[PDB]
Structure formats: C-alpha cells, structure tokens
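Enquirer: work-v4.cif (mmCIF, C-alpha atoms and all ligand atoms) pasted underneath:
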```cif
data_target
#
loop_
_atom_site.group_PDB
_atom_site.id
_atom_site.type_symbol
_atom_site.label_atom_id
_atom_site.label_comp_id
_atom_site.auth_asym_id
_atom_site.auth_seq_id
_atom_site.Cartn_x
_atom_site.Cartn_y
_atom_site.Cartn_z
ATOM 1 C CA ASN A 701 0.000 0.000 0.000
ATOM 2 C CA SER A 702 0.830 3.724 -0.170
ATOM 3 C CA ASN A 703 2.147 5.387 3.085
ATOM 4 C CA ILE A 704 -0.024 8.527 2.819
ATOM 5 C CA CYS A 705 -3.809 9.148 2.649
ATOM 6 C CA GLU A 706 -5.018 9.294 -0.923
ATOM 7 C CA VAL A 707 -7.354 12.223 -0.102
ATOM 8 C CA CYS A 708 -5.297 14.625 2.141
ATOM 9 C CA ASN A 709 -1.791 13.288 1.344
ATOM 10 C CA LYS A 710 -0.761 13.087 5.013
ATOM 11 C CA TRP A 711 0.388 10.104 7.062
ATOM 12 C CA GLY A 712 -1.294 8.862 10.099
ATOM 13 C CA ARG A 713 -3.596 5.996 11.056
ATOM 14 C CA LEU A 714 -4.246 4.627 7.538
ATOM 15 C CA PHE A 715 -6.660 1.910 6.426
ATOM 16 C CA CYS A 716 -5.311 0.025 3.464
ATOM 17 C CA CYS A 717 -7.350 -1.157 0.441
ATOM 18 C CA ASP A 718 -7.100 -4.901 -0.251
ATOM 19 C CA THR A 719 -7.557 -4.649 -3.960
ATOM 20 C CA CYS A 720 -5.433 -1.639 -4.841
ATOM 21 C CA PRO A 721 -2.444 0.188 -3.219
ATOM 22 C CA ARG A 722 -4.346 3.169 -1.850
ATOM 23 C CA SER A 723 -4.712 4.024 1.805
ATOM 24 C CA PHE A 724 -7.074 6.337 3.754
ATOM 25 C CA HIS A 725 -7.713 8.089 6.898
ATOM 26 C CA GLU A 726 -10.976 6.721 8.339
ATOM 27 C CA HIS A 727 -12.997 9.991 7.800
ATOM 28 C CA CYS A 728 -11.125 10.884 4.532
ATOM 29 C CA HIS A 729 -12.630 7.846 2.723
ATOM 30 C CA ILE A 730 -16.261 8.227 1.752
ATOM 31 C CA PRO A 731 -18.132 6.418 3.020
ATOM 32 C CA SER A 732 -16.020 6.326 6.327
ATOM 33 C CA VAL A 733 -13.829 3.178 6.325
ATOM 34 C CA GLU A 734 -15.958 0.202 7.369
ATOM 35 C CA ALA A 735 -15.411 -1.545 10.819
ATOM 36 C CA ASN A 736 -14.660 -5.042 9.598
ATOM 37 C CA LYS A 737 -14.818 -6.395 5.975
ATOM 38 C CA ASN A 738 -11.716 -8.441 5.116
ATOM 39 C CA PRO A 739 -10.885 -8.011 2.319
ATOM 40 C CA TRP A 740 -11.882 -4.298 2.161
ATOM 41 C CA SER A 741 -12.133 -2.530 -1.154
ATOM 42 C CA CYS A 742 -11.937 1.285 -1.385
ATOM 43 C CA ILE A 743 -14.342 3.469 -3.377
ATOM 44 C CA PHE A 744 -11.946 3.695 -6.338
ATOM 45 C CA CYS A 745 -12.026 -0.071 -6.559
ATOM 46 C CA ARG A 746 -15.858 -0.209 -6.182
ATOM 47 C CA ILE A 747 -16.332 2.349 -8.959
ATOM 48 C CA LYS A 748 -13.974 0.451 -11.315
ATOM 49 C CA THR A 749 -16.026 -2.774 -10.649
ATOM 50 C CA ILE A 750 -19.284 -1.039 -11.772
ATOM 51 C CA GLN A 751 -17.642 -0.006 -15.009
ATOM 52 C CA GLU A 752 -16.253 -3.529 -15.587
ATOM 53 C CA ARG A 753 -19.581 -5.213 -14.863
ATOM 54 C CA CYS A 754 -21.408 -2.892 -17.353
ATOM 55 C CA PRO A 755 -18.977 -1.553 -19.993
ATOM 56 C CA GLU A 756 -21.797 0.246 -21.770
ATOM 57 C CA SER A 757 -22.157 2.439 -18.670
ATOM 58 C CA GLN A 758 -19.267 4.480 -20.167
ATOM 59 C CA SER A 759 -21.216 5.482 -23.250
ATOM 60 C CA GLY A 760 -22.157 9.193 -23.277
ATOM 61 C CA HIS A 761 -25.149 10.419 -21.284
ATOM 62 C CA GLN A 762 -27.139 13.594 -21.116
ATOM 63 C CA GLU A 763 -26.749 15.597 -17.899
ATOM 64 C CA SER A 764 -30.483 16.084 -17.673
ATOM 65 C CA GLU A 765 -31.068 12.327 -17.587
ATOM 66 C CA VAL A 766 -28.285 11.826 -15.031
ATOM 67 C CA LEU A 767 -29.696 14.423 -12.669
ATOM 68 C CA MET A 768 -33.135 12.778 -12.622
ATOM 69 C CA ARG A 769 -31.795 9.422 -11.581
ATOM 70 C CA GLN A 770 -32.974 8.143 -8.251
ATOM 71 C CA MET A 771 -30.344 7.586 -5.614
ATOM 72 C CA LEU A 772 -30.169 3.788 -5.856
ATOM 73 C CA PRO A 773 -26.926 2.178 -4.502
ATOM 74 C CA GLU A 774 -24.818 2.689 -7.630
ATOM 75 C CA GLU A 775 -25.717 6.395 -7.936
ATOM 76 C CA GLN A 776 -25.195 6.857 -4.179
ATOM 77 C CA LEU A 777 -21.695 5.450 -4.638
ATOM 78 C CA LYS A 778 -20.947 7.607 -7.668
ATOM 79 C CA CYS A 779 -21.941 10.769 -5.694
ATOM 80 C CA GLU A 780 -19.795 9.652 -2.766
ATOM 81 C CA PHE A 781 -16.871 9.254 -5.119
ATOM 82 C CA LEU A 782 -17.449 12.612 -6.808
ATOM 83 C CA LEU A 783 -17.570 14.264 -3.308
ATOM 84 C CA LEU A 784 -14.302 12.468 -2.445
ATOM 85 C CA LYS A 785 -12.672 13.727 -5.661
ATOM 86 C CA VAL A 786 -13.365 17.264 -4.506
ATOM 87 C CA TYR A 787 -11.838 16.669 -1.068
ATOM 88 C CA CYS A 788 -8.816 15.309 -2.929
ATOM 89 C CA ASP A 789 -7.980 18.867 -3.943
ATOM 90 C CA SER A 790 -6.235 20.809 -1.242
ATOM 91 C CA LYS A 791 -8.274 23.917 -2.100
ATOM 92 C CA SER A 792 -11.336 22.084 -0.731
ATOM 93 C CA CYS A 793 -10.309 23.303 2.693
ATOM 94 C CA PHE A 794 -11.993 26.592 2.006
ATOM 95 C CA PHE A 795 -15.349 24.940 1.394
ATOM 96 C CA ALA A 796 -15.234 22.088 3.965
ATOM 97 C CA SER A 797 -16.626 23.569 7.124
ATOM 98 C CA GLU A 798 -19.486 25.941 7.939
ATOM 99 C CA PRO A 799 -18.805 29.437 6.566
ATOM 100 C CA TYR A 800 -19.616 32.788 8.052
ATOM 101 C CA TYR A 801 -20.205 36.080 6.280
ATOM 102 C CA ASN A 802 -19.115 39.546 7.483
ATOM 103 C CA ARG A 803 -17.531 41.569 4.731
ATOM 104 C CA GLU A 804 -18.146 45.297 4.093
ATOM 105 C CA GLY A 805 -20.284 45.617 0.954
ATOM 106 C CA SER A 806 -21.591 42.037 0.795
ATOM 107 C CA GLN A 807 -24.393 40.086 2.312
ATOM 108 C CA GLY A 808 -24.226 36.370 3.080
ATOM 109 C CA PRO A 809 -26.071 33.802 0.974
ATOM 110 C CA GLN A 810 -29.638 32.861 1.703
ATOM 111 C CA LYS A 811 -28.744 29.195 1.782
ATOM 112 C CA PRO A 812 -25.230 28.515 3.052
ATOM 113 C CA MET A 813 -23.664 25.226 2.013
ATOM 114 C CA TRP A 814 -20.465 23.402 2.614
ATOM 115 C CA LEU A 815 -18.759 20.080 1.878
ATOM 116 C CA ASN A 816 -19.162 18.548 5.310
ATOM 117 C CA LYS A 817 -22.906 19.336 5.189
ATOM 118 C CA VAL A 818 -23.127 17.524 1.812
ATOM 119 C CA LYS A 819 -21.127 14.644 3.303
ATOM 120 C CA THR A 820 -23.626 14.357 6.190
ATOM 121 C CA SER A 821 -26.543 14.590 3.836
ATOM 122 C CA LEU A 822 -25.183 11.685 1.745
ATOM 123 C CA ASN A 823 -24.435 9.617 4.814
ATOM 124 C CA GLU A 824 -27.994 10.191 6.136
ATOM 125 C CA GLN A 825 -29.533 9.302 2.658
ATOM 126 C CA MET A 826 -31.206 12.749 2.383
ATOM 127 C CA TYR A 827 -30.929 12.946 -1.357
ATOM 128 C CA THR A 828 -33.509 11.073 -3.370
ATOM 129 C CA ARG A 829 -32.096 11.986 -6.803
ATOM 130 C CA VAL A 830 -28.654 12.842 -8.198
ATOM 131 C CA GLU A 831 -30.000 16.367 -8.856
ATOM 132 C CA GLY A 832 -30.163 17.028 -5.031
ATOM 133 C CA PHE A 833 -26.557 16.326 -4.520
ATOM 134 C CA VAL A 834 -25.352 18.199 -7.650
ATOM 135 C CA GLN A 835 -27.481 21.273 -6.738
ATOM 136 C CA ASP A 836 -25.965 21.515 -3.250
ATOM 137 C CA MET A 837 -22.424 21.054 -4.659
ATOM 138 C CA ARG A 838 -22.896 23.775 -7.293
ATOM 139 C CA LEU A 839 -24.493 26.019 -4.604
ATOM 140 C CA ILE A 840 -21.261 25.983 -2.597
ATOM 141 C CA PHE A 841 -19.378 27.619 -5.488
ATOM 142 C CA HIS A 842 -22.171 29.928 -6.533
ATOM 143 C CA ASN A 843 -22.485 31.315 -2.952
ATOM 144 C CA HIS A 844 -18.730 31.939 -2.900
ATOM 145 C CA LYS A 845 -18.780 33.813 -6.247
ATOM 146 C CA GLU A 846 -21.599 36.003 -5.245
ATOM 147 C CA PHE A 847 -20.224 36.862 -1.769
ATOM 148 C CA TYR A 848 -16.615 37.617 -2.765
ATOM 149 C CA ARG A 849 -17.614 39.801 -5.723
ATOM 150 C CA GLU A 850 -14.504 41.366 -7.172
ATOM 151 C CA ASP A 851 -12.091 40.083 -4.580
ATOM 152 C CA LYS A 852 -9.531 37.816 -6.257
ATOM 153 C CA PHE A 853 -10.505 35.153 -3.650
ATOM 154 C CA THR A 854 -13.485 34.466 -5.915
ATOM 155 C CA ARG A 855 -11.063 32.468 -8.036
ATOM 156 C CA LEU A 856 -10.881 29.680 -5.395
ATOM 157 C CA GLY A 857 -14.599 28.903 -6.161
ATOM 158 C CA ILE A 858 -13.937 28.784 -9.861
ATOM 159 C CA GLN A 859 -11.020 26.442 -9.379
ATOM 160 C CA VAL A 860 -12.703 23.935 -7.091
ATOM 161 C CA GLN A 861 -15.928 24.045 -9.213
ATOM 162 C CA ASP A 862 -13.813 23.116 -12.205
ATOM 163 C CA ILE A 863 -12.547 20.042 -10.308
ATOM 164 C CA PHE A 864 -16.137 19.108 -9.421
ATOM 165 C CA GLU A 865 -17.427 19.548 -13.023
ATOM 166 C CA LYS A 866 -14.573 17.561 -14.697
ATOM 167 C CA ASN A 867 -15.083 14.729 -12.263
ATOM 168 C CA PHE A 868 -18.879 14.842 -12.634
ATOM 169 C CA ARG A 869 -18.472 14.487 -16.399
ATOM 170 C CA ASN A 870 -16.043 11.577 -15.905
ATOM 171 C CA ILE A 871 -17.822 9.617 -13.242
ATOM 172 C CA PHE A 872 -21.292 9.897 -14.812
ATOM 173 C CA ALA A 873 -19.960 9.478 -18.395
ATOM 174 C CA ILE A 874 -21.485 12.709 -19.628
ATOM 175 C CA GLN A 875 -21.412 12.902 -23.478
ATOM 176 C CA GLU A 876 -18.457 14.931 -24.652
ATOM 177 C CA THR A 877 -19.263 18.187 -26.496
ATOM 178 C CA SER A 878 -17.537 21.030 -28.301
HETATM 179 ZN ZN ZN B 901 -6.596 11.851 4.919
HETATM 180 ZN ZN ZN B 902 -8.849 0.240 -3.694
HETATM 181 ZN ZN ZN B 903 -23.828 -5.045 -18.748
#
```
Let me see the structure of the file written as structure tokens.
Expert:
Amino acid sequence: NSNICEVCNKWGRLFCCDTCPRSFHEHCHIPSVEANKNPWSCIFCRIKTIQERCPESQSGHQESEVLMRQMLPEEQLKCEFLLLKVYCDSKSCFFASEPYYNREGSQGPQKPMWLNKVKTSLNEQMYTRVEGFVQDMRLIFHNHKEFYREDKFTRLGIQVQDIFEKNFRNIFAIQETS
C-alpha cells in the first residue's frame, strides 16, 4: 500500500485497500472506512467494478437524464466518489466547514452550504435523486462567487468548481461536447 492518505496526502492511522495500493484516513474515505470487511475494497475499486460489470455504462449520457436518476446504490456510490474527488484537492479546505459572512459591501447567501454538510446529507440518505446532490455542490461555489464579488478570492470557487465539473463528467460518463 501507499504510506499517505489518498485524499489529504498526510500520514497517520491509515486503512489500506485490499484490492489496490491506496490508503485512507478513516474519515477521509467516503463512506467512512468500514469496521470489519476483510478483504476491504476502497471506493476507487468499487467504482472500477461497476464499469467492468457494465462496460456500456461508459457510453455518453445527457446531464439532464443523469440528474433525474434516483439515488439507488450505484448512484449513491458515484456521488460519494465525486464528493471524495473534490476533497482530494487541497483547495477544498476553504469549502469544507461551515462558513460565516461579514464583509463590508456584501451580504451572506440565503442558503449557506459546505462540503461537510453535503457529506452528512449523503451519509444520512437525504438525497432522493442525483440532482439534489449536484445542486448543493454547485451552490457551494455559486455562494462563494456572489459573496466575494470582485475580490480575487473568488477564483478559489472557480477552481474547485472546475474540479467538481470535470469529475462529474467523468464519473457519470457525460457525453463529450464542443
Ligand atoms: Zn486523509
Ligand atoms: Zn482500492
Ligand atoms: Zn452489462
């Protein structure tokens, strides 16, 4: 196995995948690393199995159809993995915990949102369709853009949204366009 967490790139108390070389902190893996299960297979491994079981699942899809999918186990897993891909970027720190808003000339968002809130909402099965999860994720970045206005810090929202959107297109096999 690797000697650092795949998500945060730090050492520590690492749980090791049995089917690939990755390792994880317990609360860095999504879902949190399971109590028993020997062998244990990480989310990367579980996503690759889905693809291998149904190769046609990589054919292009329309985003509108993806969003309307119910959160059955395979879509639940895909959202977990997309969330994890965002935490993989170090810039996710800015969006992880509950924000607060007190800047001259701006007003906070009507509906604050943050990664750990989305993580809880997935864990508690609060989303019934893919659209629920994607809306809350895009809301994080939209709130940041609107609040920070012309401050150059707005760019952090653009950057981490780009990571989200590239991974969304990959994981859900969105049809490539010009
Ligand atoms: Zn970690
Ligand atoms: Zn693995
Ligand atoms: Zn098949």
Enquirer: Starting from the shown file, work through the PyMOL selection byres (((chain A and resi 768-771) around 7) and not hetatm) and note down what comes out as a ChimeraX atom specification.
Expert: /A:764-767,772-773,775-776,827-831
Enquirer: Output the residue selection produced by the PyMOL selection byres (((chain A and resi 778-794) around 7) and not hetatm) on the file above, formatted as a list in words.
Expert: residues 707, 708, 730, 731, 743, 774, 775, 776, 777, 795, 796, 860, 863, 864, 867, 868 and 871 of chain A
Enquirer: Using the chain letters and numbers from the file, which residues does the PyMOL selection byres (((not hetatm)) within 7 of (chain B and resi 902)) grab, as a list in words?
Expert: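 Selection result, ordered by chain and number: residues 717, 718, 719, 720, 721, 722, 741, 742, 743, 744 and 745 of chain A.
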Enquirer: Do you have the CA of residue 872 (chain A)-CA of residue 818 (chain A) distance handy?
Expert: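 Taking CA of residue 872 (chain A) and CA of residue 818 (chain A), their separation equals 18.4 Å.
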Enquirer: Here's a test: counting only C-alpha atoms, identify every protein, DNA and RNA residue with an atom at most 12 Å from (-17.7, 15.7, -27.6) in the file's coordinate frame, and state them as a ChimeraX atom specification.
Expert: /A:759-762,869,873-878
Enquirer: Give me, as CSV, the closest atom pair and its distance (Å, one decimal) for every residue of chain A within a cut-off of 9 Å of ligand ZN 903 (chain B), counting only C-alpha atoms and all ligand atoms, rows sorted by chain and rising number.
Expert:
```
residue,atom,partner,partner_atom,distance
A:751,CA,B:ZN903,ZN,8.8
A:752,CA,B:ZN903,ZN,8.3
A:753,CA,B:ZN903,ZN,5.8
A:754,CA,B:ZN903,ZN,3.5
A:755,CA,B:ZN903,ZN,6.1
A:756,CA,B:ZN903,ZN,6.4
A:757,CA,B:ZN903,ZN,7.7
```
Enquirer: How far is it from CA of residue 816 (chain A) to CA of residue 797 (chain A), in Å with one decimal?
Expert: 5.9 Å
Enquirer: Dump as JSON lines the rows for residues of chain A within 7 Å of ligand ZN 901 (chain B): closest atom pair and distance in Å with one decimal, all atoms listed in the file counted, ordered by chain and rising residue number.
Expert:
```
{"residue": "A:705", "atom": "CA", "partner": "B:ZN901", "partner_atom": "ZN", "distance": 4.5}
{"residue": "A:706", "atom": "CA", "partner": "B:ZN901", "partner_atom": "ZN", "distance": 6.6}
{"residue": "A:707", "atom": "CA", "partner": "B:ZN901", "partner_atom": "ZN", "distance": 5.1}
{"residue": "A:708", "atom": "CA", "partner": "B:ZN901", "partner_atom": "ZN", "distance": 4.1}
{"residue": "A:709", "atom": "CA", "partner": "B:ZN901", "partner_atom": "ZN", "distance": 6.2}
{"residue": "A:710", "atom": "CA", "partner": "B:ZN901", "partner_atom": "ZN", "distance": 6.0}
{"residue": "A:724", "atom": "CA", "partner": "B:ZN901", "partner_atom": "ZN", "distance": 5.7}
{"residue": "A:725", "atom": "CA", "partner": "B:ZN901", "partner_atom": "ZN", "distance": 4.4}
{"residue": "A:728", "atom": "CA", "partner": "B:ZN901", "partner_atom": "ZN", "distance": 4.6}
```
Enquirer: Generate the coordinates of N, CA, C and O atoms for region 803-824 of chain A; report them as a PDB file, in the coordinates of the input.
Expert:
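Just written: selection_17.pdb:
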```pdb
ATOM      1  N   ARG A 803     -18.410  40.836   5.630  1.00  0.00           N
ATOM      2  CA  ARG A 803     -17.531  41.569   4.731  1.00  0.00           C
ATOM      3  C   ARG A 803     -18.253  42.847   4.339  1.00  0.00           C
ATOM      4  O   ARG A 803     -19.399  42.827   3.929  1.00  0.00           O
ATOM      5  N   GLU A 804     -17.561  43.996   4.478  1.00  0.00           N
ATOM      6  CA  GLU A 804     -18.146  45.297   4.093  1.00  0.00           C
ATOM      7  C   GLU A 804     -18.578  45.236   2.624  1.00  0.00           C
ATOM      8  O   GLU A 804     -17.857  44.684   1.758  1.00  0.00           O
ATOM      9  N   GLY A 805     -19.794  45.664   2.332  1.00  0.00           N
ATOM     10  CA  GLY A 805     -20.284  45.617   0.954  1.00  0.00           C
ATOM     11  C   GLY A 805     -20.889  44.331   0.393  1.00  0.00           C
ATOM     12  O   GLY A 805     -21.347  44.316  -0.743  1.00  0.00           O
ATOM     13  N   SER A 806     -20.943  43.265   1.197  1.00  0.00           N
ATOM     14  CA  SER A 806     -21.591  42.037   0.795  1.00  0.00           C
ATOM     15  C   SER A 806     -22.549  41.543   1.873  1.00  0.00           C
ATOM     16  O   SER A 806     -22.449  41.908   3.064  1.00  0.00           O
ATOM     17  N   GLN A 807     -23.484  40.707   1.420  1.00  0.00           N
ATOM     18  CA  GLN A 807     -24.393  40.086   2.312  1.00  0.00           C
ATOM     19  C   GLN A 807     -24.222  38.571   2.119  1.00  0.00           C
ATOM     20  O   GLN A 807     -24.086  38.107   0.967  1.00  0.00           O
ATOM     21  N   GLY A 808     -24.322  37.830   3.211  1.00  0.00           N
ATOM     22  CA  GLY A 808     -24.226  36.370   3.080  1.00  0.00           C
ATOM     23  C   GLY A 808     -25.333  35.752   2.241  1.00  0.00           C
ATOM     24  O   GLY A 808     -26.398  36.324   2.067  1.00  0.00           O
ATOM     25  N   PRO A 809     -25.069  34.521   1.774  1.00  0.00           N
ATOM     26  CA  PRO A 809     -26.071  33.802   0.974  1.00  0.00           C
ATOM     27  C   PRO A 809     -27.272  33.416   1.813  1.00  0.00           C
ATOM     28  O   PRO A 809     -27.167  33.079   2.995  1.00  0.00           O
ATOM     29  N   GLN A 810     -28.401  33.299   1.094  1.00  0.00           N
ATOM     30  CA  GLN A 810     -29.638  32.861   1.703  1.00  0.00           C
ATOM     31  C   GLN A 810     -29.621  31.432   2.150  1.00  0.00           C
ATOM     32  O   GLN A 810     -30.298  31.122   3.153  1.00  0.00           O
ATOM     33  N   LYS A 811     -28.868  30.566   1.437  1.00  0.00           N
ATOM     34  CA  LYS A 811     -28.744  29.195   1.782  1.00  0.00           C
ATOM     35  C   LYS A 811     -27.294  28.782   1.829  1.00  0.00           C
ATOM     36  O   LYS A 811     -26.737  28.260   0.810  1.00  0.00           O
ATOM     37  N   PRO A 812     -26.617  28.937   2.978  1.00  0.00           N
ATOM     38  CA  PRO A 812     -25.230  28.515   3.052  1.00  0.00           C
ATOM     39  C   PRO A 812     -25.097  27.024   2.791  1.00  0.00           C
ATOM     40  O   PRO A 812     -26.042  26.228   3.059  1.00  0.00           O
ATOM     41  N   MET A 813     -23.946  26.599   2.298  1.00  0.00           N
ATOM     42  CA  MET A 813     -23.664  25.226   2.013  1.00  0.00           C
ATOM     43  C   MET A 813     -22.216  24.962   2.043  1.00  0.00           C
ATOM     44  O   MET A 813     -21.398  25.882   1.784  1.00  0.00           O
ATOM     45  N   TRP A 814     -21.825  23.788   2.448  1.00  0.00           N
ATOM     46  CA  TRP A 814     -20.465  23.402   2.614  1.00  0.00           C
ATOM     47  C   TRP A 814     -20.226  21.940   2.467  1.00  0.00           C
ATOM     48  O   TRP A 814     -21.210  21.151   2.555  1.00  0.00           O
ATOM     49  N   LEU A 815     -18.999  21.508   2.253  1.00  0.00           N
ATOM     50  CA  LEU A 815     -18.759  20.080   1.878  1.00  0.00           C
ATOM     51  C   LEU A 815     -19.152  19.146   2.974  1.00  0.00           C
ATOM     52  O   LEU A 815     -19.753  18.096   2.696  1.00  0.00           O
ATOM     53  N   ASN A 816     -18.779  19.451   4.197  1.00  0.00           N
ATOM     54  CA  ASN A 816     -19.162  18.548   5.310  1.00  0.00           C
ATOM     55  C   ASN A 816     -20.639  18.402   5.502  1.00  0.00           C
ATOM     56  O   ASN A 816     -21.057  17.366   5.929  1.00  0.00           O
ATOM     57  N   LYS A 817     -21.444  19.361   5.161  1.00  0.00           N
ATOM     58  CA  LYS A 817     -22.906  19.336   5.189  1.00  0.00           C
ATOM     59  C   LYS A 817     -23.368  18.349   4.091  1.00  0.00           C
ATOM     60  O   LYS A 817     -24.259  17.523   4.342  1.00  0.00           O
ATOM     61  N   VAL A 818     -22.758  18.461   2.920  1.00  0.00           N
ATOM     62  CA  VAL A 818     -23.127  17.524   1.812  1.00  0.00           C
ATOM     63  C   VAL A 818     -22.755  16.129   2.187  1.00  0.00           C
ATOM     64  O   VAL A 818     -23.508  15.141   1.928  1.00  0.00           O
ATOM     65  N   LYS A 819     -21.580  15.912   2.802  1.00  0.00           N
ATOM     66  CA  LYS A 819     -21.127  14.644   3.303  1.00  0.00           C
ATOM     67  C   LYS A 819     -22.140  14.053   4.320  1.00  0.00           C
ATOM     68  O   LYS A 819     -22.533  12.887   4.160  1.00  0.00           O
ATOM     69  N   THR A 820     -22.608  14.845   5.233  1.00  0.00           N
ATOM     70  CA  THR A 820     -23.626  14.357   6.190  1.00  0.00           C
ATOM     71  C   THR A 820     -24.910  13.992   5.485  1.00  0.00           C
ATOM     72  O   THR A 820     -25.562  12.973   5.772  1.00  0.00           O
ATOM     73  N   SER A 821     -25.290  14.799   4.525  1.00  0.00           N
ATOM     74  CA  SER A 821     -26.543  14.590   3.836  1.00  0.00           C
ATOM     75  C   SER A 821     -26.489  13.304   3.025  1.00  0.00           C
ATOM     76  O   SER A 821     -27.489  12.526   3.022  1.00  0.00           O
ATOM     77  N   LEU A 822     -25.370  13.027   2.390  1.00  0.00           N
ATOM     78  CA  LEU A 822     -25.183  11.685   1.745  1.00  0.00           C
ATOM     79  C   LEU A 822     -25.221  10.553   2.690  1.00  0.00           C
ATOM     80  O   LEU A 822     -25.831   9.472   2.451  1.00  0.00           O
ATOM     81  N   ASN A 823     -24.546  10.687   3.804  1.00  0.00           N
ATOM     82  CA  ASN A 823     -24.435   9.617   4.814  1.00  0.00           C
ATOM     83  C   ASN A 823     -25.808   9.331   5.376  1.00  0.00           C
ATOM     84  O   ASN A 823     -26.097   8.154   5.675  1.00  0.00           O
ATOM     85  N   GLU A 824     -26.656  10.334   5.514  1.00  0.00           N
ATOM     86  CA  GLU A 824     -27.994  10.191   6.136  1.00  0.00           C
ATOM     87  C   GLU A 824     -29.055   9.828   5.051  1.00  0.00           C
ATOM     88  O   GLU A 824     -30.215   9.814   5.315  1.00  0.00           O
TER      89      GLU A 824
END
```
